[PDB]
*Asks:* 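Sharing a structure, written as structure tokens. Questions coming.
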Amino acid sequence: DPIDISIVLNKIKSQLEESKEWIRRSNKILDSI
Amino acid sequence: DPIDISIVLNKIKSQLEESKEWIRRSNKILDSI
Amino acid sequence: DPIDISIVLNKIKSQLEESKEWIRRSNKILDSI
Amino acid sequence: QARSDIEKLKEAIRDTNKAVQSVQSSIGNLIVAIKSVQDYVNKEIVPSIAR
Amino acid sequence: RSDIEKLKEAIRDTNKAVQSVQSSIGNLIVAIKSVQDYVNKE
Amino acid sequence: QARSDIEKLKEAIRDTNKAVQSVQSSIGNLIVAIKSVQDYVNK
């Protein structure tokens, strides 16, 4: 299904965005040490 | 070949399973600090 | 075009090799603790 | 401070672990997406060519 | 304090590794998308 | 507890690194899989 690829790729994009924010927060905690 | 991609994807799935187990083990060590 | 997919895959391989060097350094630091 | 830092290192690793867990779900979904392109080629491309 | 600084730097490097993996995933999306376009559009 | 916690943090990061090394291996194979699909569509 053309849209059922589209649903999957957008799941990847949202998870990729969440991952970047976790790394940003990790890095800032390190700055607090 | 159609099965010689299927082998590759199955390897990725088991690699993914290993990755998940490694993160679980890290988190549980963190629970012991 | 397929020759201009090859560029994207080469970009992926380059980032993957950077990722491996970073993990190598992290493990080397841990060896020194 | 030293206990304070050990606590901070722990929470930074916890955040790194959550970033890795997100990457792991992304990769699972990339498997699905590639599988779908390969299945599509085996299901509606090759039979269409035949027809 | 010396070991604490090493752990910090090790995590920092692990985080750089993860950032590289995040860019690789962004490009894998591009690669898969282009194959589906080539098979759909062209 | 100080020495005990440092060594635990070290092992936690060691295990996180193994998780990243597995993801790196997976990505490498995802390249092969994408290449394979485009290759089978061209040949």
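In what follows, every heavy atom counts, from backbone to side chain, and hydrogens, waters and symmetry copies are set aside. Protein chains get the first letters and strands the later ones, always in sequence-line order, with residue 1 at the start of each.
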*Asks:* Would you say the side-chain atoms of C/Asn27 and F/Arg14 include a donor-acceptor pair closer than 3.5 Å?
*Replies:* yes

*Asks:* Apply salt bridge (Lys or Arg N to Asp or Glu O under 4.0 Å) to the pair E/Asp3 and F/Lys10, showing each step before the final yes or no.
*Replies:* CA-CA 10 Å; E/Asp3 286 347; F/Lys10 171 174 166 170; over 6 Å; no

*Asks:* Could I get the full list of side chain to side chain contact (heavy atoms under 4.5 Å, CB included) partners for B/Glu18, not counting sequence neighbours?
*Replies:*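 In terms of side chain to side chain contact (heavy atoms under 4.5 Å, CB included), with neighbours along the sequence ignored, B/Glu18 is linked to F/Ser22.
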
*Asks:* Would you mind reporting whether B/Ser6 and B/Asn10 have side-chain heavy atoms less than 4.5 Å apart?
*Replies:* no

*Asks:* Is it true that F/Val23 and B/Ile23 fall in one hydrophobic cluster, defined by side-chain heavy atoms closer than 4.5 Å?
*Replies:*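 F/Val23 does not cluster with B/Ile23.
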
*Asks:* Tell me whether A/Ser14 contacts the main-chain N or O of A/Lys11 through its side chain, where contact means a donor paired with an acceptor under 3.5 Å.
*Replies:*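 No; zero donor-acceptor contacts below 3.5 Å.
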
*Asks:* Side-chain heavy atoms nearer than 4.5 Å, only ILVMFWY residues, links allowed to pass through others: does that put F/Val20 and D/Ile27 together?
*Replies:*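 The answer is no; the residues belong to distinct hydrophobic clusters.
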
*Asks:* Just by modelled atom types, is the B/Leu16 backbone N or O under 3.5 Å from a matching donor or acceptor in the D/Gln24 side chain?
*Replies:* no

*Asks:* For the residue pair F/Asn17 and F/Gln21, confirm or rule out a side-chain donor-acceptor distance under 3.5 Å.
*Replies:*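 No, no side-chain donor-acceptor pair sits under 3.5 Å.
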
*Asks:* Quick one: CG on C/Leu9 to OG on E/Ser34, what's the gap to the nearest 0.5 Å?
*Replies:*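 So the gap between those two atoms works out to 8.0 Å.
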
*Asks:* Is there a side-chain contact between D/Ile13 and B/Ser26 in this structure, where contact means two heavy atoms from C-beta onward sitting under 4.5 Å apart?
*Replies:*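 In contact.
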
*Asks:* Return the set of residues passing salt bridge (charged side-chain N to carboxylate O under 4.0 Å, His left out) with B/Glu17 (not counting sequence neighbours), or none when no residue passes.
*Replies:*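 With neighbours one apart ignored, the set is B/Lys20.
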
*Asks:* Is there a donor-acceptor pair closer than 3.5 Å between any side-chain N or O of C/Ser19 and the backbone N or O of C/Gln15?
*Replies:* no

*Asks:* Given B/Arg25 and B/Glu21, is the salt bridge (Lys or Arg N to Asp or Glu O under 4.0 Å) satisfied, shown in steps?
*Replies:* CA-CA 6 Å; B/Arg25 274 201 209 273; B/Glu21 191 32 57; 3.7 Å; yes

*Asks:* Going by heavy atoms in the side chains, are A/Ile33 and A/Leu30 under 4.5 Å from each other?
*Replies:* yes

*Asks:* What's the verdict on salt bridge (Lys or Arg N to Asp or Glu O under 4.0 Å) for C/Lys28 and C/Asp31, showing C-alpha distance, side-chain angles and the deciding distance?
*Replies:* CA-CA 5 Å; C/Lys28 272 131 147 162; C/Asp31 291 352; over 6 Å; no

*Asks:* Just to verify, what does F/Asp15 make a salt bridge (charged side-chain N to carboxylate O under 4.0 Å, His left out) with, not counting sequence neighbours?
*Replies:*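 Expected list: none.
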
*Asks:* Let's go through D/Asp39 and D/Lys43 carefully: what are the C-alpha distance in whole Å and the side-chain angles of both, what is the deciding distance for salt bridge (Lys or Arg N to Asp or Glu O under 4.0 Å) to 0.1 Å, and is it a yes or a no?
*Replies:* CA-CA 6 Å; D/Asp39 277 0; D/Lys43 255 176 136 55; over 6 Å; no

*Asks:* Checking the side chain of D/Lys18 only, and the main-chain atoms of A/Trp22 only, is there a donor and an acceptor separated by less than 3.5 Å?
*Replies:* no

*Asks:* As an exercise, state the distance from CD1 of B/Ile12 to CG of D/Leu30, rounded to the nearest 0.5 Å.
*Replies:* 9.0 Å

*Asks:* Under 4.5 Å between any side-chain heavy atoms of E/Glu9 and E/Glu5, yes or no?
*Replies:* no

*Asks:* Using the rule given for side-chain hydrogen bond (donor to acceptor under 3.5 Å, both in side chains), can you reason through D/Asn42 versus F/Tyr40, listing the C-alpha separation, both sets of side-chain angles and the distance that settles it, and then say yes or no?
*Replies:* CA-CA 11 Å; D/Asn42 298 148; F/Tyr40 181 83; 4.6 Å; no

*Asks:* Are D/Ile6 and A/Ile29 co-members of a hydrophobic cluster defined by side-chain heavy atoms under 4.5 Å apart?
*Replies:* no

